[PDB]
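Novice: My structure is stored as entry-v9.pdb, with PDB, C-alpha atoms.
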ATOM      1  CA  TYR F   1       0.000   0.000   0.000
ATOM      2  CA  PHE F   2       1.648   3.190  -1.279
ATOM      3  CA  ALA F   3      -0.121   5.783   0.902
ATOM      4  CA  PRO F   4      -0.749   9.329  -0.370
ATOM      5  CA  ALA F   5       0.683  12.419   1.326
ATOM      6  CA  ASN F   6       1.331  11.902   5.086
ATOM      7  CA  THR F   7      -0.953   9.002   5.972
ATOM      8  CA  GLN F   8       1.368   7.308   8.459
ATOM      9  CA  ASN F   9       4.943   7.532   9.791
ATOM     10  CA  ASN F  10       5.568  10.838   7.954
ATOM     11  CA  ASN F  11       5.773   8.957   4.671
ATOM     12  CA  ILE F  12       6.558  10.459   1.289
ATOM     13  CA  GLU F  13       3.563  10.540  -1.042
ATOM     14  CA  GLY F  14       3.374   7.303  -3.008
ATOM     15  CA  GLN F  15       5.606   5.347  -0.619
ATOM     16  CA  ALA F  16       4.692   1.937   0.749
ATOM     17  CA  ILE F  17       4.284   2.078   4.525
ATOM     18  CA  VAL F  18       3.546  -0.139   7.519
ATOM     19  CA  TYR F  19      -0.171  -0.984   7.559
ATOM     20  CA  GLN F  20      -0.961  -4.120   9.547
ATOM     21  CA  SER F  21      -4.069  -6.097  10.489
ATOM     22  CA  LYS F  22      -6.682  -3.519   9.536
ATOM     23  CA  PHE F  23      -9.213  -2.940   6.777
ATOM     24  CA  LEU F  24      -8.447  -0.270   4.179
ATOM     25  CA  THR F  25     -11.017   1.452   1.962
ATOM     26  CA  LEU F  26     -10.150   3.693  -0.990
ATOM     27  CA  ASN F  27     -12.433   4.513  -3.935
ATOM     28  CA  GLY F  28     -15.044   2.095  -2.606
ATOM     29  CA  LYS F  29     -12.691  -0.897  -2.541
ATOM     30  CA  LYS F  30     -11.687  -2.900   0.526
ATOM     31  CA  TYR F  31      -8.317  -4.474   1.317
ATOM     32  CA  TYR F  32      -6.956  -6.416   4.280
ATOM     33  CA  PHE F  33      -3.270  -6.377   5.201
ATOM     34  CA  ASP F  34      -1.301  -9.013   7.096
ATOM     35  CA  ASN F  35       1.285  -8.280   9.788
ATOM     36  CA  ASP F  36       3.887  -7.603   7.076
ATOM     37  CA  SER F  37       1.691  -4.838   5.579
ATOM     38  CA  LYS F  38       0.976  -6.812   2.400
ATOM     39  CA  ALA F  39      -2.566  -7.222   1.114
ATOM     40  CA  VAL F  40      -3.733 -10.831   1.276
ATOM     41  CA  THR F  41      -5.062 -12.363  -1.947
ATOM     42  CA  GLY F  42      -7.190 -15.305  -0.863
ATOM     43  CA  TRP F  43      -9.960 -16.546   1.379
ATOM     44  CA  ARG F  44      -9.452 -15.032   4.825
ATOM     45  CA  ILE F  45     -11.155 -14.966   8.220
ATOM     46  CA  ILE F  46     -10.737 -11.830  10.322
ATOM     47  CA  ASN F  47     -13.839 -10.958  12.361
ATOM     48  CA  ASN F  48     -14.988 -14.587  12.623
ATOM     49  CA  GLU F  49     -16.237 -14.049   9.052
ATOM     50  CA  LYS F  50     -14.657 -15.018   5.743
ATOM     51  CA  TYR F  51     -13.851 -12.575   2.939
ATOM     52  CA  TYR F  52     -12.567 -13.321  -0.563
ATOM     53  CA  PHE F  53      -9.798 -11.041  -1.829
ATOM     54  CA  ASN F  54      -8.899 -11.371  -5.497
ATOM     55  CA  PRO F  55      -5.461 -12.804  -6.366
ATOM     56  CA  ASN F  56      -4.835 -10.221  -9.121
ATOM     57  CA  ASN F  57      -5.711  -6.865  -7.513
ATOM     58  CA  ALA F  58      -6.358  -7.883  -3.859
ATOM     59  CA  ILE F  59      -9.683  -6.019  -3.738
ATOM     60  CA  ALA F  60     -12.444  -7.461  -1.583
ATOM     61  CA  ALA F  61     -15.026  -9.186  -3.761
ATOM     62  CA  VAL F  62     -18.528  -7.710  -3.618
ATOM     63  CA  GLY F  63     -21.878  -8.770  -4.998
ATOM     64  CA  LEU F  64     -22.190 -12.079  -6.809
ATOM     65  CA  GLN F  65     -18.975 -13.905  -7.679
ATOM     66  CA  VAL F  66     -18.025 -17.135  -9.429
ATOM     67  CA  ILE F  67     -14.967 -18.726  -7.801
ATOM     68  CA  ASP F  68     -13.861 -22.181  -8.977
ATOM     69  CA  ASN F  69     -17.280 -22.621 -10.628
ATOM     70  CA  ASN F  70     -18.980 -21.935  -7.278
ATOM     71  CA  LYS F  71     -21.335 -18.986  -6.819
ATOM     72  CA  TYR F  72     -20.808 -16.873  -3.696
ATOM     73  CA  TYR F  73     -22.429 -13.653  -2.501
ATOM     74  CA  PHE F  74     -20.405 -11.001  -0.686
ATOM     75  CA  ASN F  75     -21.958  -8.021   1.059
ATOM     76  CA  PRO F  76     -21.853  -4.971  -1.254
ATOM     77  CA  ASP F  77     -21.046  -2.722   1.722
ATOM     78  CA  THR F  78     -18.988  -4.649   4.285
ATOM     79  CA  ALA F  79     -17.691  -7.325   1.847
ATOM     80  CA  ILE F  80     -18.692 -10.088   4.270
ATOM     81  CA  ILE F  81     -19.729 -13.357   2.663
ATOM     82  CA  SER F  82     -23.477 -13.989   2.662
ATOM     83  CA  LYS F  83     -25.479 -17.028   3.736
ATOM     84  CA  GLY F  84     -29.104 -18.071   3.437
ATOM     85  CA  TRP F  85     -31.600 -16.307   1.164
ATOM     86  CA  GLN F  86     -30.187 -13.225  -0.572
ATOM     87  CA  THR F  87     -31.922 -11.257  -3.329
ATOM     88  CA  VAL F  88     -29.384  -9.908  -5.834
ATOM     89  CA  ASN F  89     -30.094  -8.580  -9.343
ATOM     90  CA  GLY F  90     -33.762  -9.566  -9.115
ATOM     91  CA  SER F  91     -33.081 -13.191  -8.134
ATOM     92  CA  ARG F  92     -33.321 -14.882  -4.729
ATOM     93  CA  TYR F  93     -30.208 -17.021  -4.429
ATOM     94  CA  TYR F  94     -29.648 -19.380  -1.503
ATOM     95  CA  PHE F  95     -26.185 -20.018  -0.070
ATOM     96  CA  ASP F  96     -25.074 -22.700   2.359
ATOM     97  CA  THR F  97     -25.293 -22.182   6.103
ATOM     98  CA  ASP F  98     -21.697 -23.446   6.433
ATOM     99  CA  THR F  99     -19.838 -23.481   3.102
ATOM    100  CA  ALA F 100     -21.735 -20.574   1.406
ATOM    101  CA  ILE F 101     -21.770 -22.176  -2.073
ATOM    102  CA  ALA F 102     -25.096 -21.552  -3.793
ATOM    103  CA  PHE F 103     -27.298 -24.630  -4.065
ATOM    104  CA  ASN F 104     -28.150 -26.337  -7.347
ATOM    105  CA  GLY F 105     -30.693 -28.951  -8.336
ATOM    106  CA  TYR F 106     -33.570 -29.879  -6.055
ATOM    107  CA  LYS F 107     -32.682 -29.298  -2.396
ATOM    108  CA  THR F 108     -34.496 -29.191   0.941
ATOM    109  CA  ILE F 109     -34.318 -26.146   3.235
ATOM    110  CA  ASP F 110     -36.536 -25.309   6.232
ATOM    111  CA  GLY F 111     -38.326 -28.622   5.787
ATOM    112  CA  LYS F 112     -39.299 -27.437   2.302
ATOM    113  CA  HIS F 113     -37.962 -28.655  -1.042
ATOM    114  CA  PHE F 114     -36.644 -26.058  -3.493
ATOM    115  CA  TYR F 115     -35.287 -26.278  -7.038
ATOM    116  CA  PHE F 116     -32.213 -24.387  -8.250
ATOM    117  CA  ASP F 117     -30.420 -24.249 -11.598
ATOM    118  CA  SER F 118     -26.975 -22.940 -12.594
ATOM    119  CA  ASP F 119     -26.317 -22.092  -8.927
ATOM    120  CA  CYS F 120     -29.390 -19.852  -9.097
ATOM    121  CA  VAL F 121     -33.029 -20.019  -8.068
ATOM    122  CA  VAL F 122     -35.713 -20.933 -10.601
ATOM    123  CA  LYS F 123     -39.109 -19.288 -10.196
ATOM    124  CA  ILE F 124     -41.219 -21.247 -12.693
ATOM    125  CA  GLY F 125     -40.198 -24.550 -11.139
ATOM    126  CA  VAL F 126     -42.597 -27.414 -11.961
ATOM    127  CA  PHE F 127     -39.685 -29.685 -12.864
ATOM    128  CA  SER F 128     -39.275 -33.379 -11.996
ATOM    129  CA  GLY F 129     -36.972 -35.446  -9.796
ATOM    130  CA  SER F 130     -37.091 -37.882  -6.885
ATOM    131  CA  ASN F 131     -39.454 -36.390  -4.300
ATOM    132  CA  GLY F 132     -39.965 -33.619  -6.842
ATOM    133  CA  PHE F 133     -42.571 -33.256  -9.627
ATOM    134  CA  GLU F 134     -44.263 -30.527  -7.600
ATOM    135  CA  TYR F 135     -45.334 -26.874  -7.822
ATOM    136  CA  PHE F 136     -42.381 -24.588  -7.078
ATOM    137  CA  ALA F 137     -44.864 -21.722  -7.084
ATOM    138  CA  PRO F 138     -44.044 -18.040  -6.558
ATOM    139  CA  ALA F 139     -47.610 -17.333  -5.465
ATOM    140  CA  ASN F 140     -48.182 -17.170  -1.703
ATOM    141  CA  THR F 141     -51.602 -18.861  -1.809
ATOM    142  CA  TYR F 142     -50.308 -21.701   0.413
ATOM    143  CA  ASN F 143     -49.827 -20.213   3.898
ATOM    144  CA  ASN F 144     -47.801 -17.308   2.461
ATOM    145  CA  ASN F 145     -45.076 -19.504   1.018
ATOM    146  CA  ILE F 146     -41.621 -18.228   0.144
ATOM    147  CA  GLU F 147     -40.469 -17.937  -3.456
ATOM    148  CA  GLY F 148     -39.710 -21.291  -5.051
ATOM    149  CA  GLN F 149     -41.381 -23.365  -2.327
ATOM    150  CA  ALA F 150     -43.205 -26.623  -2.989
ATOM    151  CA  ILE F 151     -47.006 -26.367  -2.849
ATOM    152  CA  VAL F 152     -49.329 -29.330  -2.325
ATOM    153  CA  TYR F 153     -52.010 -27.351  -4.214
ATOM    154  CA  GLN F 154     -54.487 -30.297  -4.119
ATOM    155  CA  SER F 155     -56.051 -31.800  -7.265
ATOM    156  CA  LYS F 156     -57.019 -28.722  -9.264
ATOM    157  CA  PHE F 157     -56.296 -27.668 -12.833
ATOM    158  CA  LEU F 158     -53.415 -25.212 -13.099
ATOM    159  CA  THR F 159     -51.150 -23.551 -15.654
ATOM    160  CA  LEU F 160     -48.012 -21.415 -15.398
ATOM    161  CA  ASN F 161     -46.902 -20.038 -18.799
ATOM    162  CA  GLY F 162     -49.373 -21.713 -21.123
ATOM    163  CA  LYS F 163     -48.176 -25.113 -19.872
ATOM    164  CA  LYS F 164     -50.758 -27.228 -18.046
ATOM    165  CA  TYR F 165     -49.605 -29.014 -14.879
ATOM    166  CA  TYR F 166     -52.728 -30.558 -13.348
ATOM    167  CA  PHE F 167     -51.787 -32.237 -10.064
ATOM    168  CA  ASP F 168     -53.317 -34.449  -7.361
ATOM    169  CA  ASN F 169     -53.981 -34.041  -3.642
ATOM    170  CA  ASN F 170     -50.548 -35.543  -2.857
ATOM    171  CA  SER F 171     -48.534 -32.904  -4.783
ATOM    172  CA  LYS F 172     -47.566 -35.112  -7.720
ATOM    173  CA  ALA F 173     -47.233 -34.542 -11.454
TER     174      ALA F 173
END
Kindly transcribe the structure held in the file into structure tokens.
Specialist:
Amino acid sequence: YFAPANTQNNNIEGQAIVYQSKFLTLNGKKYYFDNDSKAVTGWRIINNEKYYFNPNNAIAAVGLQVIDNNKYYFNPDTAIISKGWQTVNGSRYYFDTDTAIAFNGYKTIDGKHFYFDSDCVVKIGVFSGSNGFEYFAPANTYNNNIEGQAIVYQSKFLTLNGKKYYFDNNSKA
């Protein structure tokens, strides 16, 4: 970190200085520096929370990111990794409670089965699969369900986008 003007230790403008174990923010970009005053360029844990700093410019990742073909969400403000349900760019992604990788396929959360594709939530749903073939409805007609939740929906005629998906009382296609 080459600090402008007289930031610390009466440095010359543009000179690298001692800057250890603290978060730095310039131009809306966050960095973390080790004890040797060098910005770390990998997954790190500081305040019992894990951040991802890029290996090419050492800036803290923000928003949605694809790392090793795994989708993560980092807080746009504090750069902390996100977990659970997070709505970014008009889509409600879900990330692991422990590992933070976004789910894919048909998965069960909160005792409710959800369907995800390309590490992203699908709103239309009505796909297939073991313990699947259900209504992953956006509509909250079933006890104010969350987006992409399975609905029993009983045996009534129904359509989503011109496609007919008449079901039974046991939530089966």
Novice: Could you check which of F:151, F:109, F:62, F:101 is closest to residue 125 of chain F, using all atoms listed in the file?
Specialist: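 For residue 125 of chain F, the nearest of the candidates is F:151.
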Novice: With all atoms listed in the file as the basis for distance, which of F:77, F:119, F:98, F:34 is at the shortest distance from residue 19 of chain F?
Specialist: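 Once distances to residue 19 of chain F are computed over all atoms listed in the file, the minimum belongs to F:34.
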Novice: Between F:102, F:25, F:47, F:153, which one has atoms that come closest to residue 67 of chain F, using only C-alpha atoms?
Specialist: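 Answer, going by the shortest atom-to-atom distance: F:102.
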Novice: Within 9 Å of residue 38 of chain F, counting only C-alpha atoms, which residues show up once you throw out same-chain ones fewer than 3 positions away? Write them as a list in words, please.
Specialist: residues 1, 18, 19, 20, 32, 33, 34 and 35 of chain F
Novice: List the spatial neighbours of residue 135 of chain F as an MDAnalysis selection string - criterion: any atom at most 10 Å away, all atoms listed in the file, same-chain residues fewer than 5 positions off excluded.
Specialist: chainID F and resid 114 124:128 148:153 158 160 165:167 171:173
Novice: Looking at F:43, F:31, F:106, F:116, which one is nearest to residue 131 of chain F, with distances taken over only C-alpha atoms?
Specialist: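 Among F:43, F:31, F:106, F:116, it is F:106 that comes nearest to residue 131 of chain F.
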Novice: Could you tell me how far atom CA of residue 143 of chain F lies from atom CA of residue 84 of chain F, in Å and to one decimal?
Specialist: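 For atom CA of residue 143 of chain F relative to atom CA of residue 84 of chain F, the distance reads 20.8 Å.
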Novice: State, in Å with one decimal place, the distance from atom CA of residue 3 of chain F to atom CA of residue 24 of chain F.
Specialist: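 Between atom CA of residue 3 of chain F and atom CA of residue 24 of chain F the gap works out to 10.8 Å.
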Novice: Save segment 82-131 of chain F to disk from that block, N, CA and C atoms included, as a compact mmCIF listing (two decimals), in the first residue's frame.
Specialist:
# COMPACT_ATOMS: atom_id res chain seq x y z
N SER F 82 -22.07 -13.87 2.31
CA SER F 82 -23.48 -13.99 2.66
C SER F 82 -23.88 -15.45 2.77
N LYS F 83 -24.93 -15.69 3.55
CA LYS F 83 -25.48 -17.03 3.74
C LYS F 83 -27.00 -16.93 3.77
N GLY F 84 -27.65 -18.04 3.42
CA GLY F 84 -29.10 -18.07 3.44
C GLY F 84 -29.72 -17.50 2.18
N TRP F 85 -30.90 -16.90 2.30
CA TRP F 85 -31.60 -16.31 1.16
C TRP F 85 -31.12 -14.88 0.97
N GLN F 86 -30.62 -14.57 -0.23
CA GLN F 86 -30.19 -13.23 -0.57
C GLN F 86 -30.70 -12.87 -1.96
N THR F 87 -31.35 -11.72 -2.07
CA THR F 87 -31.92 -11.26 -3.33
C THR F 87 -30.94 -10.29 -3.98
N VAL F 88 -30.32 -10.73 -5.08
CA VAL F 88 -29.38 -9.91 -5.83
C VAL F 88 -29.79 -9.93 -7.30
N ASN F 89 -29.79 -8.74 -7.92
CA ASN F 89 -30.09 -8.58 -9.34
C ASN F 89 -31.44 -9.21 -9.71
N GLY F 90 -32.43 -9.06 -8.84
CA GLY F 90 -33.76 -9.57 -9.12
C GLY F 90 -33.95 -11.06 -8.94
N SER F 91 -32.99 -11.75 -8.34
CA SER F 91 -33.08 -13.19 -8.13
C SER F 91 -32.74 -13.52 -6.69
N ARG F 92 -33.44 -14.51 -6.14
CA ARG F 92 -33.32 -14.88 -4.73
C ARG F 92 -32.44 -16.12 -4.61
N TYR F 93 -31.13 -15.91 -4.59
CA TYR F 93 -30.21 -17.02 -4.43
C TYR F 93 -30.24 -17.54 -2.99
N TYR F 94 -29.83 -18.79 -2.82
CA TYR F 94 -29.65 -19.38 -1.50
C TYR F 94 -28.24 -19.93 -1.40
N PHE F 95 -27.55 -19.59 -0.32
CA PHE F 95 -26.18 -20.02 -0.07
C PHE F 95 -26.11 -20.80 1.23
N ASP F 96 -25.15 -21.72 1.28
CA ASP F 96 -25.07 -22.70 2.36
C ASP F 96 -24.94 -22.02 3.71
N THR F 97 -25.44 -22.69 4.75
CA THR F 97 -25.29 -22.18 6.10
C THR F 97 -23.87 -22.34 6.62
N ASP F 98 -23.08 -23.22 6.02
CA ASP F 98 -21.70 -23.45 6.43
C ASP F 98 -20.69 -23.09 5.35
N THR F 99 -20.85 -23.62 4.14
CA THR F 99 -19.84 -23.48 3.10
C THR F 99 -20.07 -22.28 2.19
N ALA F 100 -21.30 -21.77 2.12
CA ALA F 100 -21.74 -20.57 1.41
C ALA F 100 -21.84 -20.76 -0.11
N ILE F 101 -21.55 -21.95 -0.65
CA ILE F 101 -21.77 -22.18 -2.07
C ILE F 101 -23.26 -22.23 -2.36
N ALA F 102 -23.69 -21.56 -3.42
CA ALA F 102 -25.10 -21.55 -3.79
C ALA F 102 -25.55 -22.95 -4.19
N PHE F 103 -26.76 -23.31 -3.76
CA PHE F 103 -27.30 -24.63 -4.07
C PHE F 103 -27.63 -24.76 -5.55
N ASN F 104 -27.72 -26.01 -6.00
CA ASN F 104 -28.15 -26.34 -7.35
C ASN F 104 -28.98 -27.61 -7.29
N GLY F 105 -29.80 -27.81 -8.32
CA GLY F 105 -30.69 -28.95 -8.34
C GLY F 105 -31.84 -28.76 -7.35
N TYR F 106 -32.48 -29.88 -7.02
CA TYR F 106 -33.57 -29.88 -6.06
C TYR F 106 -33.00 -30.16 -4.67
N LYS F 107 -33.25 -29.24 -3.74
CA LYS F 107 -32.68 -29.30 -2.40
C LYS F 107 -33.76 -28.95 -1.38
N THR F 108 -33.54 -29.40 -0.14
CA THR F 108 -34.50 -29.19 0.94
C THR F 108 -33.93 -28.22 1.97
N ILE F 109 -34.67 -27.15 2.24
CA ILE F 109 -34.32 -26.15 3.23
C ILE F 109 -35.57 -25.79 4.02
N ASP F 110 -35.43 -25.67 5.34
CA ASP F 110 -36.54 -25.31 6.23
C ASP F 110 -37.68 -26.32 6.13
N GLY F 111 -37.32 -27.59 5.97
CA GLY F 111 -38.33 -28.62 5.79
C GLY F 111 -39.11 -28.49 4.51
N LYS F 112 -38.62 -27.70 3.56
CA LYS F 112 -39.30 -27.44 2.30
C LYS F 112 -38.32 -27.66 1.16
N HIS F 113 -38.81 -28.29 0.09
CA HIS F 113 -37.96 -28.65 -1.04
C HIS F 113 -37.99 -27.56 -2.10
N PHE F 114 -36.80 -27.13 -2.52
CA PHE F 114 -36.64 -26.06 -3.49
C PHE F 114 -35.84 -26.58 -4.68
N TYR F 115 -36.00 -25.92 -5.82
CA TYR F 115 -35.29 -26.28 -7.04
C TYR F 115 -34.42 -25.11 -7.48
N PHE F 116 -33.16 -25.39 -7.80
CA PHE F 116 -32.21 -24.39 -8.25
C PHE F 116 -31.51 -24.88 -9.50
N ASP F 117 -31.15 -23.94 -10.38
CA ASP F 117 -30.42 -24.25 -11.60
C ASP F 117 -29.29 -23.25 -11.82
N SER F 118 -28.16 -23.76 -12.31
CA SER F 118 -26.98 -22.94 -12.59
C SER F 118 -26.57 -22.12 -11.37
N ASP F 119 -26.61 -22.75 -10.20
CA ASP F 119 -26.32 -22.09 -8.93
C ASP F 119 -27.20 -20.86 -8.73
N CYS F 120 -28.45 -20.96 -9.18
CA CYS F 120 -29.39 -19.85 -9.10
C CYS F 120 -30.79 -20.42 -8.89
N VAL F 121 -31.66 -19.59 -8.33
CA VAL F 121 -33.03 -20.02 -8.07
C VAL F 121 -33.83 -19.97 -9.36
N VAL F 122 -34.77 -20.91 -9.49
CA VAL F 122 -35.71 -20.93 -10.60
C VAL F 122 -37.10 -20.64 -10.04
N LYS F 123 -37.81 -19.73 -10.70
CA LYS F 123 -39.11 -19.29 -10.20
C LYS F 123 -40.26 -20.09 -10.79
N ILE F 124 -40.16 -20.46 -12.07
CA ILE F 124 -41.22 -21.25 -12.69
C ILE F 124 -41.32 -22.62 -12.04
N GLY F 125 -40.19 -23.27 -11.82
CA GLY F 125 -40.20 -24.55 -11.14
C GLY F 125 -40.85 -25.62 -11.99
N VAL F 126 -41.86 -26.28 -11.40
CA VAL F 126 -42.60 -27.41 -11.96
C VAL F 126 -41.70 -28.33 -12.79
N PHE F 127 -40.53 -28.67 -12.25
CA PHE F 127 -39.68 -29.69 -12.86
C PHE F 127 -40.00 -31.05 -12.26
N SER F 128 -39.13 -32.02 -12.50
CA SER F 128 -39.27 -33.38 -12.00
C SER F 128 -38.11 -33.71 -11.07
N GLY F 129 -38.03 -34.98 -10.67
CA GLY F 129 -36.97 -35.45 -9.80
C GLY F 129 -37.51 -36.27 -8.64
N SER F 130 -36.66 -37.08 -8.02
CA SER F 130 -37.09 -37.88 -6.89
C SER F 130 -37.57 -36.98 -5.75
N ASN F 131 -38.76 -37.27 -5.24
CA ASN F 131 -39.45 -36.39 -4.30
C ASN F 131 -39.55 -34.98 -4.86
